[PDB]
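# Descriptive analysis of the structure
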Amino acid sequence: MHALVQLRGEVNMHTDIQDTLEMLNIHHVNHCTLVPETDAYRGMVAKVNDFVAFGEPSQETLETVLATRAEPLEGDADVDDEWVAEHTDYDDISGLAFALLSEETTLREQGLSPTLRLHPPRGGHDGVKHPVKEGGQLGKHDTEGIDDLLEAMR
Amino acid sequence: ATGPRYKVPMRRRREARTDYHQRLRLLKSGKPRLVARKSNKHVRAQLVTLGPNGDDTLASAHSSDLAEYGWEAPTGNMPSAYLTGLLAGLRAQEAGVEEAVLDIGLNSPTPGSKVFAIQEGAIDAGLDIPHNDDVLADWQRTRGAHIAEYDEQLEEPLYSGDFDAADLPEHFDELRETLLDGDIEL
Amino acid sequence: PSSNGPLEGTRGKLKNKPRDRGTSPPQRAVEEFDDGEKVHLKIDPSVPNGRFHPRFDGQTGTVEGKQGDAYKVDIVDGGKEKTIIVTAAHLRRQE
Amino acid sequence: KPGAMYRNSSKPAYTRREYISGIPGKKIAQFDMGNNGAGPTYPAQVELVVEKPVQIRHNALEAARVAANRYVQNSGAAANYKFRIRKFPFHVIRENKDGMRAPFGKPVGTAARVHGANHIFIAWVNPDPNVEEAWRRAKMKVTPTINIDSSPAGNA
Amino acid sequence: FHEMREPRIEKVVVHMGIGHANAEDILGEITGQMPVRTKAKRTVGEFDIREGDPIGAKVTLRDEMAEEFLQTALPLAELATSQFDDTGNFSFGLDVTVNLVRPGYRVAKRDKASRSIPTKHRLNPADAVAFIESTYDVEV
RNA sequence: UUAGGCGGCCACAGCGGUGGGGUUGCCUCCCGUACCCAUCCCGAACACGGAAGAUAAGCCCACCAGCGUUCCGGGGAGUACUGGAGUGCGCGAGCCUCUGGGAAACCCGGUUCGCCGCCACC
RNA sequence: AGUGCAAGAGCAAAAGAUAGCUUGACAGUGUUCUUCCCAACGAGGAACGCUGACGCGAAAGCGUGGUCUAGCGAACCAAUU
RNA sequence: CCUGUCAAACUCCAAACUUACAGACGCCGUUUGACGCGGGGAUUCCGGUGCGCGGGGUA
Ligand SMILES: [Cl-]
Ligand SMILES: [Cl-]
Ligand SMILES: [Mg+2]
Ligand SMILES: [Mg+2]
Ligand SMILES: [Mg+2]
Ligand SMILES: [Mg+2]
Ligand SMILES: [Mg+2]
Ligand SMILES: [Mg+2]
Ligand SMILES: [Mg+2]
Ligand SMILES: [Mg+2]
Ligand SMILES: [Mg+2]
Ligand code: NA
Ligand code: NA
Ligand code: NA
Ligand code: NA
Ligand code: NA
Ligand code: NA
């Protein structure tokens, strides 16, 4: 399970690429989704590779973000442990996070919006003109790599 | 053989055994084929159907297993052919086969030929086959009359020991007669 | 194109590789299909008749009745529904 | 006319003589020079390596070749060495000599397409590299920058 | 092994390659059976432009008709060697050709399952000279 | 399948070459032209009638890789080329990096001297 | 190689050659594709059927002209069945 | 035998890629009726630029 974060806008990006991000529930810059590592999902993120940031986040990080940026399928309601417990199969955020990571369920299955609309990265990100291996913020990241980004946009 | 571009004919064309252009016209009818084949000493008659991995033979008759019914004469002649035809025709019927077309392979459509004899026999057995009566032998030759008369010009037995000296087109009737009722494997 | 006949630019798709050259096996020209089957359309360079317009080589349609020995296969050209008159010789079972 | 007009490999390959007529004959005199009776049985083997893919008109091939071999007469008219220009001008070139109307030009020449890093010239010498000099003069008359490379020769 | 390996005469073709005939008659008597026309191919300067056109005849003799003929033909010939085929044949003379081969030749002449004869089972020039020479005459 | 008939795939089956096999049975060569039939001339062939002889052909069986073919290892080669991205480089031609794909020739070593189906059959 | 003619393509117990026989280059009416990719548009073209009448072949079958893709033409008026 | 080179109208080979159909996941539609069908009204048929691939042209 990888965390997907659109870092580049729609203007000028191929339509078949945009449609893919839209198929992955991301319709704005900085919006983030959690995607299982399957052949079918793998092909999709590869096509989206140049306009996004992805990787496998740590239990903790996912937890911080879930708590800070998760939302109900509809409404303002904060998704805190109580919410998770009184609305999901799990007892608390950590419970959910673990399940997500182990790809046992998904944000929809648990009545949650498939998108974690994050905040602009605090301190700024490494650039949308180069990939990670180059000092950029594009492409696959380290678990420690993705964690910093996700955390900075907490 | 020569190079990558060389064209090797189909195996059954190399072996000079199957005429594929005729085969295709044959398969067009969508009916079973009445395979009429010969050998220096024998005559075979098969009813073939089309199959996923090749042809399927649903009924056959060989001039050799003819004696099995009381044949005591040679097996590479006209009377032999007819009978083998009738025998396979009958086994065919038993197999639920009702119609077929005459495949005479690489043989020639010569009038009164054994292949047409085989065709006449299969027909009489009850099989429905598209044919042409006046391309067939005149019954007597089918019986083996041409050979009995040939032995009339005797001086020396036409048959080395075998059976009879003056041969028997009658032995032919006795057998056809036999085949037209009861008996095993029919 | 410089011309607009049906064989325009069909040099490749209507030619056999040197080794598949010459009359084709009769097994496949007699194959029987049932209404509803999915069949791949490909012209046999070696088989003259029963052909369909070269543009449809590659299509995978649905057998829906026949006309004579030839089959009537429904396809969809871009967004248009069409019916193609083709013989077994130029059809293959999908899967 | 200037090399500027034909030195790039931007056009389609045009070489089918069965569809092209009136192609000018090549100005390249020979491809094999020196002792062509003998086979490459020499200690040293230097080569002239083009450093960028380019088109070289038979014009420049001949001037480059002549300037090199004509110089290799620092060894003598029947000296002990063998020189080879391995490329041949296959690429037919036109010129549009009406303005841009019906502009497909008319064959005016031929050039050889050389890819960066191929060797256009190969000489064979005994420890007597006057050839290295025959090439400083050769790449002097061909568009690209070039690399004078020595192969069998650890006799430095 | 032998018996089925020993040579034999298969057809003797006697043909008169004229250039436009009355000659059939003599071929008829010299052999004993009707001659066959010899059409020609290609249009040529020897006022021989006609494609289908009688320009000679031939006669293929088999069995006795062939021996009974060679029993006078051969005597009228001297030659031998070099003038022999690589398959053990030879032509001398009005032409008279003699095709020689061993017992299982039909295998290559029939319709069904036909097959080319193996080089080993072929007849060599030498094995040919022997056979004929051993039948009323001398080689070279 | 101790030798057969009809096939499917249509060279992995082609080309060439070696050894073995028929005492009654099968295929052949083979023997033979009164008949059906036959050669623009020939029972060569085609067709018909038949066993005195043979295992030399064919055919069946076992095997050989020199040529051709099929597939595989290792090398060539993650090379050539390429879908996506770049305020990376270069006067430019063009190149480079990240991401997803990925060859051909050729060399060396294996593989391949057909596989399979139906019927009939000491 | 040949297959009438461009070019590309098809074809070997043939689609080529030879022989013989025959007029299916037949009347009628359609289905489909093409013309016009997608996507509407006429004449024309092709493939594939059926009804009828025929040719050849033992027969399956083949023949809706020539192996395939060029060789074509509206209304009005005339002449013709 | 050896040795030196090529192809838009060459091919013993052969991608990336484009593409028909089917299944899966995704996304979407069944009060926002998708897919599709019928009808009304148009505008439009001077385009341009970057990037990739081009063809012509010294440019
Ligand atoms: Cl037979
Ligand atoms: Cl069509
Ligand atoms: Mg909401
Ligand atoms: Mg700030
Ligand atoms: Mg920045
Ligand atoms: Mg092309
Ligand atoms: Mg033997
Ligand atoms: Mg036609
Ligand atoms: Mg008018
Ligand atoms: Mg008129
Ligand atoms: Mg394309
Ligand atoms: Na074929
Ligand atoms: Na002008
Ligand atoms: Na220079
Ligand atoms: Na004549
Ligand atoms: Na043998
Ligand atoms: Na029309």
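Structure determination for this entry, per the PDB record, employed X-ray crystallography and reached 3.00 Å resolution.

This paragraph deals with the overall build of chain C. Scanning chain C for helices and strands turns up 1 helix and 5 strands. Helices and strands appear in chain C in the N-to-C order α-β-β-β-β-β. Relative to the globule expectation of 12 Å for 95 residues, the C-alpha radius of gyration of chain C, 14 Å, shows essentially globular dimensions. Counting only C-alpha atoms and orienting by the principal axes, one finds that chain C spans roughly 35 × 35 × 25 Å. A total of 95 residues make up chain C; the buried ones form 32% of that total. For chain C, the accessible area works out to roughly 6100 Å², and carbon and sulfur atoms hold 45% of it.

Further remarks concern a positive patch on the surface. Judged by side-chain charge, B:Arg12, B:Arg17, B:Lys38, E:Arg106, E:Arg110, E:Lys112 and E:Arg115 come together as a positively charged surface patch. Residue position: B:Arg12 is located in helix α1 (residues 11-14). Classification of B:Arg12 as partly exposed rests on a relative accessible area of 31%.

Our next topic: the domain arrangement of chain A. Residues and elements named next belong to chain A. Domain boundaries in chain A define domain 1 (1-57 + 114-154) and domain 2 (58-113). One C-alpha centre belongs to domain 1, the other to domain 2, and the line joining them spans 20 Å. Listed by partner, the interface residues are 19 residues for domain 1 and 18 residues for domain 2. Remark: the boundary between domain 1 and domain 2 carries 1 salt bridge. Across the salt bridge formed by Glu71 and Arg117, the nearest N and O atoms sit 3.0 Å from each other. Linking domain 1 with domain 2 are 10 residue pairs in polar contact, by the criterion used here. For the side of domain 1 that touches domain 2, the elements supplying multiple residues, two or more each, are β4 (116-117) and α6 (143-152). The dominant element in the side of domain 1 that touches domain 2, judged by the number of residues it contributes, is α6, at 4 residues. Here the residues of the side of domain 1 that touches domain 2 sort into 9 nonpolar, 4 polar and 6 charged.

What follows deals with the layout of surface pockets. The gaps left among the atoms become clear once a water-sized probe is rolled over them. Residue and element names in this part refer to chain B. Counted as a void, the largest pocket has a volume near 1200 Å³. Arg12, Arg17, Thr18, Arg37 and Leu106 are, among the 39 residues lining the largest pocket, the residues nearest its centre. Elements with a contribution of two residues or more to the lining of the largest pocket: α2 (20-28), β1 (33-38) and β2 (43-49). For the lining of the largest pocket, the residue count by class is 12 nonpolar, 12 polar and 15 charged. There is about 920 Å³ of room inside the second largest pocket.

What counts, and where the lines are drawn
Residues numbered from 1 in each chain as written, not as in the entry; some residues may be left out. Chains lettered and ligands numbered in written order. Part of a larger assembly, values for the part shown. Heavy atoms only, no water. Helix = DSSP H or I, 4+ residues; strand = E, 2+ residues; numbered from the N terminus. Rg over C-alpha atoms; globule rule 2.2 N^0.38 Å. Buried < 20%, exposed > 50% of the residue type's maximum accessible area, 1.4 Å probe, protein only. Areas by Shrake-Rupley, 256 points an atom, 1.4 Å probe, with all protein chains shown as cover. Patch = residues over 30% accessible without salt bridge, like charges linked within 9 Å, V, L, I, M, F, W, Y side chains within 5 Å. Salt bridge = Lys/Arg side-chain N within 4 Å of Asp/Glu carboxyl O. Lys, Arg positive; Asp, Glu negative; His and termini not counted. Charge placed at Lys NZ, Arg CZ, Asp CG, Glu CD. Domains from an automatic or database assignment. Contact = heavy atoms within 4.5 Å. Polar contact = N/O pair within 3.5 Å; in protein donor to acceptor, adjacent residues only side chain to side chain. Nonpolar A, V, L, I, M, F, W, Y, C, P; charged D, E, K, R; others polar. 1 Å grid on protein atoms, 1.4 Å probe; cavity = no way out; pocket = protein on both sides within 12 Å on 5 of 7 lines; lining within 4 Å. Points joined across faces, edges and corners; volume = space filled by probe spheres on them.

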